[PDB]
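Only one structure is covered here, and it is reproduced in the block below.
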There are 2 protein chains.
Amino acid sequence: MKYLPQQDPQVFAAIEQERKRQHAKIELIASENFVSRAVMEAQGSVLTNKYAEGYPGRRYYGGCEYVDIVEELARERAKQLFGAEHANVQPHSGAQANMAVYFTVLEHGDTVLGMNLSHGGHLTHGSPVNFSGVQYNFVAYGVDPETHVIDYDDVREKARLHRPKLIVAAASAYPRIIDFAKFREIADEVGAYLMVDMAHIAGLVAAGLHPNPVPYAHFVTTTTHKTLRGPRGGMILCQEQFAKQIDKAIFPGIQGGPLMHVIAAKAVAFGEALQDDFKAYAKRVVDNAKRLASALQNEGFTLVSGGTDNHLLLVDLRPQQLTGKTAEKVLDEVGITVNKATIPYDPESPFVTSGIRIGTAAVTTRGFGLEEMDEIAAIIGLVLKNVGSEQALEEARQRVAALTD
Amino acid sequence: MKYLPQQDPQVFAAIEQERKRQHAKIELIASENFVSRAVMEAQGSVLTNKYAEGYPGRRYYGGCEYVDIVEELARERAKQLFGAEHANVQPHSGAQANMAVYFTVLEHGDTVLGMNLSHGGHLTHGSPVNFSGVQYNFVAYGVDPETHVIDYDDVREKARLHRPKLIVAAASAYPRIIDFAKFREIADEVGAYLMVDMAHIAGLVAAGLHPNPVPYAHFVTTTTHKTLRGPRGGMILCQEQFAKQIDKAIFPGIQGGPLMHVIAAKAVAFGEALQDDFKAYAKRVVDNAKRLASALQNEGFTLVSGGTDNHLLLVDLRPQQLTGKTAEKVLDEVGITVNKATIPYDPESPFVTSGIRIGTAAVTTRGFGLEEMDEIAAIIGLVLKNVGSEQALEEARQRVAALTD
Ligand SMILES: *Cc1c(COP(=O)(O)O)cnc(C)c1O
Ligand SMILES: *Cc1c(COP(=O)(O)O)cnc(C)c1O
């Protein structure tokens, strides 16, 4: 940076702390990643200066010729990446992407069926303190108590009983492949729309390492950040028959001016995802997650669903008589970043939990491989088996430092 | 830029076109401005990589120590700037700021009283194609047919008849000072909350050049961009008694993860606004607007309300037998950027209009002064009085080029 250090010493010092923190820590939060310098440059551009309400070639303001090119690059690259008939790259966030789809097909009080929030469902899939649960009548399907895999007969029964207008598939803490074909079959049986929120798995979908929801879902929502490794924001994909309605839902429906600089950064990220090396990256993500899962089991940890098909895993800490909160806290002391997470049928509250959620997207971006997964698992074992030993925690600290260099 | 040109030639070429366009054109769109290099660097930072759901010291994820510093800098500087008891700097946009306030105090179907959308009210103040008009029962107050000033007796009568739970004051196309004291008096009479949407005038409020709504309003919403000259985004200010509710409305209410890099940029912008030179800038904005108004009247143009108290003016083009659409189009041909705008009691549709809206914030940022205002008015006169003369339009083109260098 050139201008920030001089103009705003306080803000610059804090940013610099954050940058150094990002390098020093082992980031295992499943939603996290590190974007490229090109992505950052794009959202640090003069495009922040442009109002462009509306859509390419259909704007409310003049002078949008070039931001139109940018937005269209984003839309076309997204369509290439996911094989979607239509993309809306304007959503400010994953929350707003979901908000727009809900606004499109639902009326206030309509019934929606989503994944149980304690089993992997997201806040925006019907939490009673979120607009979703306040504005619509959410009901939930569960995972099997033993296998922790989505019970598709439960999805079906809930759908048939409650007759939702919309079924939501996808998750923020589900370690297995989701069967979108079965979701669509159930949706068809009850005459419901199917929305798939692929935020966590979008990068894996782009790389052909998770089945693509696009052919089965009426609407697909996503973050551009997370496994897709883009700037912070949202996106909607849908069939052409819903394009006009979805676009109107975003604007003038729920948003005003789009963030054109962030949209530029989205275009850049999609460009990167279209490359062969992103496919290799995403495979390493999944490979690393399997390896980490295996290595954790070697240390004596129990994993929700007994492993992972994707980028993330959940450790059930009940065998170690630890809460997720305790684990999160002590790992923070040694420089490993995880979050507490409810495990299916968790006896603890969501604010304490019996689990931790772990993902490999971030460490994989940093160049970590299988050997590093083994060592991360070993450090986690050392820490969680010796929570009262400052000697053990100091060793862990040093081993974490060795990994981050 | 260093990395974008190599990584993404297509995106870079479009960005470069946009940058050159921003320099070449005379930007008179009232909502537009040009942010500092420091602001851009801040939102081009690694802070995009951090999930920080929740609030400073009360986050859902670990590792937020430094982004907490950044957010708190934003909140404290905002409180200094506007004398507010509480700030929420997380809203993704002005639309989301408004959305959160609505979510806080209203139930589905509640009555809200806002400014007539054809008289200066914003889309998010009850448009039937916007969430505001769909989710709540909006009624409108008007300006006087002759003076084009808000009719406060009409505000009062509408309030007493319709008994709104919420009254909204503020505008996207109102050229006069708004009397927030009178709005609060009316709100008090009918037991309604008062929300002031100061998006357009926020920079002027910060510089003491427009009365501050904070002491009179329960809630103040704003964009961080526009006259405040910050990054693209939103903010809510409120009394401490609503702080918890407002914070919960933003998260977990209507948004997910905040844009920490944009919040950094907000902090930077507020820092800039706190400086003496921003006060001088804002005075030049208002001075330039008066001068431009005066100069346009000298050319024979009629202005809505007969002039301006702020950064913006509206030309009533009926005396010249032109639509706003025609004016917008021809000015685009010579390198002057305006937008068509409905004038109070406009006989045309909102898609054709009898007016153009013009603001001076952008040209003032570029260093334009009184002499430049005179010349801009003269060029506008030349163009709109000679719409069929390519000779006149070419002269205008050359005069515009002379101004932008
Ligand atoms: C992260 C996530 C979201 C929310 O995205 P934000 O950008 O934080 O609003 C929504 N749905 C799912 C499944 C997510 O993982
Ligand atoms: C510009 C504006 C908005 C909307 O802000 P976005 O950032 O475009 O969502 C809302 N209210 C008023 C008065 C505005 O001027």
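The chains referred to below are lettered A, B, ... by the order of the sequence lines, with proteins before strands, and numbering in each begins at 1.
Using a 4.5 Å heavy-atom cutoff, the side chains of B:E71 and B:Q90 are in contact. By the 4.5 Å heavy-atom criterion applied to side chains, B:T353 and B:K325 are not counted as neighbours. Side chains of A:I356 and A:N339 form no contact here, defined as non-hydrogen atoms less than 4.5 Å apart. With a 4.5 Å cut-off on side-chain heavy atoms, A:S45 and B:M1 count as touching. A 4.5 Å side-chain heavy-atom check between B:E18 and B:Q22 finds at least one atom pair inside the cut-off. Side chains of B:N49 and A:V35 form a contact here, defined as non-hydrogen atoms less than 4.5 Å apart. B:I69 places a side-chain heavy atom less than 4.5 Å from the side chain of B:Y66. B:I26 has its side chain within reach of B:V363: a pair of non-hydrogen atoms, C-beta onward, lies under 4.5 Å apart.
Chain B forms the most heavy-atom pairs under 4.5 Å with one residue out of A:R77, A:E65, A:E328, A:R19, and that residue is A:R77. Considering only heavy-atom pairs separated by less than 4.5 Å from chain A, the leading option among B:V70, B:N33, B:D68, B:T124 is B:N33. Of the listed residues B:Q43, B:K248, B:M260, B:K329, the one with more heavy-atom pairs under 4.5 angstrom with chain A than any other is B:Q43. Among the candidates B:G63, B:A14, B:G62, the residue making the largest number of heavy-atom pairs closer than 4.5 Å to chain A is B:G63. Contact count versus chain B (heavy atoms, under 4.5 Å) is highest, among A:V67, A:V46, A:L123, for A:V46. Chain B forms the most heavy-atom pairs under 4.5 Å with one residue out of A:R21, A:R37, A:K2, A:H122, and that residue is A:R37. With respect to chain B, the highest number of heavy-atom pairs below 4.5 Å among A:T337, A:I15, A:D332 belongs to A:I15. Each of A:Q6, A:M40, A:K340 has some count of heavy-atom pairs under 4.5 Å with chain B, and the biggest count is that of A:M40. The candidate from A:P252, A:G256, A:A95 with the greatest count of non-hydrogen atom pairs under 4.5 Å with chain B is A:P252.
With a 4.5 angstrom heavy-atom cutoff, B:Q96 touches chain A only via side-chain atoms. Looking at B:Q135, only its side chain comes within 4.5 Å of chain A, counting heavy atoms on both sides. Of the atoms belonging to A:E41, heavy atoms from both backbone and side chain fall under 4.5 Å from chain B. For B:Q17, the parts lying under 4.5 angstrom from a heavy atom of chain A are both the backbone and the side chain. With a 4.5 Å cut-off on non-hydrogen atoms, A:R59 does not touch chain B at all. Proximity to chain A (any heavy atom under 4.5 Å) is restricted, for B:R357, to the side chain, taken from C-beta onward. There is no contact between B:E16 and chain A, counting heavy-atom distances below 4.5 Å. Both the backbone and the side chain of B:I254 come within less than 4.5 Å of a heavy atom in chain A. In this structure, no portion of B:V39 lies under 4.5 Å from any heavy atom of chain A. If you measure heavy-atom distances from A:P258 to chain B, the contacts under 4.5 Å come from the backbone alone. Of the atoms belonging to B:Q275, it is side-chain heavy atoms, and not backbone ones, that fall under 4.5 Å from chain A. The contact between A:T48 and chain B is made by backbone and side chain atoms together, counting heavy-atom distances below 4.5 Å. Residue A:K50 touches chain B through both its backbone and its side chain, counting heavy-atom pairs closer than 4.5 Å.
Residues of residues 265-273 of chain A placed with any heavy atom under 4.5 Å of a heavy atom in chain B are listed by number as A:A267, A:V268, A:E272. Within residues 97-109 of chain A, the residues having any heavy atom closer than 4.5 Å to a heavy atom of chain B are A:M99, A:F103, A:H108, listed by residue number.
Atom-to-atom distance recorded for A:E53:CD and B:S31:OG is 7.5 Å, nearest 0.5 angstrom. Distance check, rounded to the nearest 0.5 Å: NZ of B:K25 to CG of B:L331 gives 11.5 Å. Between atom NZ of residue A:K226 and atom OG1 of residue A:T222 there is a gap of 8.0 Å, rounded to the nearest 0.5 Å.
Side-chain atoms of A:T224 come within 3.5 Å of backbone atoms of A:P231 as a donor-acceptor pair (strictly under, hydrogens ignored). Between the A:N130 side chain and the A:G133 main chain, no donor and acceptor come within less than 3.5 Å of each other. Judged by distance alone, with hydrogens and angles left aside, the side-chain atoms of B:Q10 form no donor-acceptor pair with the main-chain N or O of B:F12 at under 3.5 Å.
A donor-acceptor contact closer than 3.5 angstrom links the side chains of A:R229 and A:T365. No hydrogens or angles considered: nothing links the side chains of B:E76 and B:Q80 as a donor-acceptor pair under 3.5 Å.
Screening B:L259, B:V262, B:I250 for a side chain to side chain contact (heavy atoms under 4.5 Å, CB included) involving B:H92 leaves a single residue, B:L259.
Under the 30°/60° scheme for interplanar angles, the aromatic rings of B:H225 and A:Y51 are found to be tilted.
Centroid-to-centroid, the aromatic rings of B:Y60 and B:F251 come within less than 6.0 Å.
A cation-pi arrangement is found for B:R366 relative to B:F34, the charged atom lying closer than 6.0 Å to the ring centre and inside a 45° cone about the ring normal.
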